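Novice: Structure provided below as structure tokens; questions to follow.
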Amino acid sequence: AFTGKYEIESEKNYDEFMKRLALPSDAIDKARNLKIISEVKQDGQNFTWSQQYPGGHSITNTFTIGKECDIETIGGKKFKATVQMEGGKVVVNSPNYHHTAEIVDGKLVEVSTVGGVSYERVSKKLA
């Protein structure tokens with residue numbers, strides 16, 4: 001039930017996640033809260049997701065419910081994944097990039113996780 005604009009206003013664990021994720025120090029330090037606008041669109045059961053740092057970099061993805069998709073989150077780490085959806089909550093699972101998203105209380109809740117360290121994150125809606 002995404003289909004809308006979203007703003008991201010907080011994350012939790014950009015030091016432990018990033019240590020393992022593997023970014024150089026300057027990138028880690030600025031990421032602390034380089035703010036991001038997020039947005040999603042859907043056709044029938046084909047989702048089109050989009051997170052955008054104002055900076056040149058962006059994390060755009062596109063995937064189907066059920067069936068199968070591929071992800072390339074930060075860079076040089078293409079994955080394969082069988083997105084599924086259960087309740088009003090999408091999940092995705094990858095060799096080393098679990099991810100999920102959720103709608104509750106007219107808000108968008110979201111996570112990313114890597115077999116040990118999690119990176120819960122939350123977002124506002126604006127459409």
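Ordering of the structure tokens sets the chain letters (A, B, ...); residue numbers start at 1 within each chain; ligands are numbered from 1 in the order shown.
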Taking only chain A into account, list the residues labelled strand (DSSP E or B) by DSSP (computed from the backbone), as a ChimeraX atom specification.
Specialist: /A:4-11,36-42,46-52,58-64,69-72,78-81,84-85,89-92,98-104,107-114,117-118,121-125
Novice: Restricting the calculation to only C-alpha atoms: of A:79, A:6, A:63, A:97, which residue gets closest to residue A:125?
Specialist: A:6
Novice: When distances are computed from only C-alpha atoms, which of A:15, A:38, A:1, A:93 shows the smallest separation from residue A:106?
Specialist: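 Smallest separation from residue A:106 among the options: A:1.
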Novice: Enter the distance from atom CA of residue A:118 to atom CA of residue A:12, in Å, rounded to one decimal.
Specialist: 8.3 Å
Novice: Between atom CA of residue A:58 and atom CA of residue A:80, what is the spacing in Å?
Specialist: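 Computed distance, atom CA of residue A:80 to atom CA of residue A:58, equals 19.2 Å.
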Novice: Calculate how many Å separate atom CA of residue A:100 from atom CA of residue A:23, rounding to one decimal.
Specialist: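 Value for the atom CA of residue A:100-atom CA of residue A:23 distance: 21.9 Å.
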Novice: Name all residues at most 8 Å from stretch 120-122 of chain A (count only C-alpha atoms; drop same-chain ones fewer than 4 positions away) and give them as a list in words.
Specialist: residues 8, 9, 10, 11, 12, 13, 108, 109, 110, 111, 112 and 113 of chain A
Novice: Skip residue A:83 itself and residues of its chain fewer than 6 positions away, then list as an MDAnalysis selection string all residues within 8 Å of it, counting only C-alpha atoms.
Specialist: chainID A and resid 63:69 90:93
Novice: How about saving the chosen residues, N, CA, C and O atoms kept, as a PDB file, in the first residue's frame?
Specialist:
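Contents of selection.pdb, as written:
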ATOM      1  N   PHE A  63      10.708  -3.788  -8.683  1.00  0.00           N
ATOM      2  CA  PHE A  63      10.550  -5.212  -8.411  1.00  0.00           C
ATOM      3  C   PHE A  63       9.103  -5.626  -8.418  1.00  0.00           C
ATOM      4  O   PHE A  63       8.243  -4.769  -8.305  1.00  0.00           O
ATOM      5  N   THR A  64       8.851  -6.948  -8.554  1.00  0.00           N
ATOM      6  CA  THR A  64       7.489  -7.468  -8.580  1.00  0.00           C
ATOM      7  C   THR A  64       7.190  -8.175  -7.288  1.00  0.00           C
ATOM      8  O   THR A  64       8.120  -8.666  -6.668  1.00  0.00           O
ATOM      9  N   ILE A  65       5.899  -8.250  -6.886  1.00  0.00           N
ATOM     10  CA  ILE A  65       5.558  -9.063  -5.721  1.00  0.00           C
ATOM     11  C   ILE A  65       5.548 -10.507  -6.152  1.00  0.00           C
ATOM     12  O   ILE A  65       5.118 -10.778  -7.261  1.00  0.00           O
ATOM     13  N   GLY A  66       6.037 -11.442  -5.301  1.00  0.00           N
ATOM     14  CA  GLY A  66       6.152 -12.824  -5.738  1.00  0.00           C
ATOM     15  C   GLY A  66       7.142 -12.856  -6.873  1.00  0.00           C
ATOM     16  O   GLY A  66       7.936 -11.936  -7.003  1.00  0.00           O
ATOM     17  N   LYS A  67       7.088 -13.917  -7.705  1.00  0.00           N
ATOM     18  CA  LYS A  67       7.891 -13.954  -8.920  1.00  0.00           C
ATOM     19  C   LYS A  67       9.337 -13.741  -8.520  1.00  0.00           C
ATOM     20  O   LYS A  67       9.756 -14.491  -7.652  1.00  0.00           O
ATOM     21  N   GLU A  68      10.124 -12.778  -9.064  1.00  0.00           N
ATOM     22  CA  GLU A  68      11.512 -12.635  -8.618  1.00  0.00           C
ATOM     23  C   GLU A  68      12.094 -11.318  -9.080  1.00  0.00           C
ATOM     24  O   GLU A  68      11.685 -10.852 -10.131  1.00  0.00           O
ATOM     25  N   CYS A  69      13.040 -10.717  -8.320  1.00  0.00           N
ATOM     26  CA  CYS A  69      13.669  -9.471  -8.757  1.00  0.00           C
ATOM     27  C   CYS A  69      15.129  -9.433  -8.385  1.00  0.00           C
ATOM     28  O   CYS A  69      15.594 -10.342  -7.715  1.00  0.00           O
ATOM     29  N   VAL A  90       5.723  -5.224   2.822  1.00  0.00           N
ATOM     30  CA  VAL A  90       6.549  -5.927   1.839  1.00  0.00           C
ATOM     31  C   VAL A  90       7.807  -6.410   2.511  1.00  0.00           C
ATOM     32  O   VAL A  90       8.278  -5.715   3.396  1.00  0.00           O
ATOM     33  N   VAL A  91       8.357  -7.576   2.092  1.00  0.00           N
ATOM     34  CA  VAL A  91       9.673  -7.999   2.559  1.00  0.00           C
ATOM     35  C   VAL A  91      10.525  -8.307   1.353  1.00  0.00           C
ATOM     36  O   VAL A  91       9.974  -8.644   0.316  1.00  0.00           O
ATOM     37  N   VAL A  92      11.866  -8.222   1.495  1.00  0.00           N
ATOM     38  CA  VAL A  92      12.761  -8.729   0.460  1.00  0.00           C
ATOM     39  C   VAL A  92      13.857  -9.454   1.188  1.00  0.00           C
ATOM     40  O   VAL A  92      14.111  -9.113   2.334  1.00  0.00           O
ATOM     41  N   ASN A  93      14.505 -10.441   0.536  1.00  0.00           N
ATOM     42  CA  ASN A  93      15.590 -11.145   1.205  1.00  0.00           C
ATOM     43  C   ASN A  93      16.704 -11.376   0.210  1.00  0.00           C
ATOM     44  O   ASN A  93      16.388 -11.724  -0.917  1.00  0.00           O
TER      45      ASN A  93
END
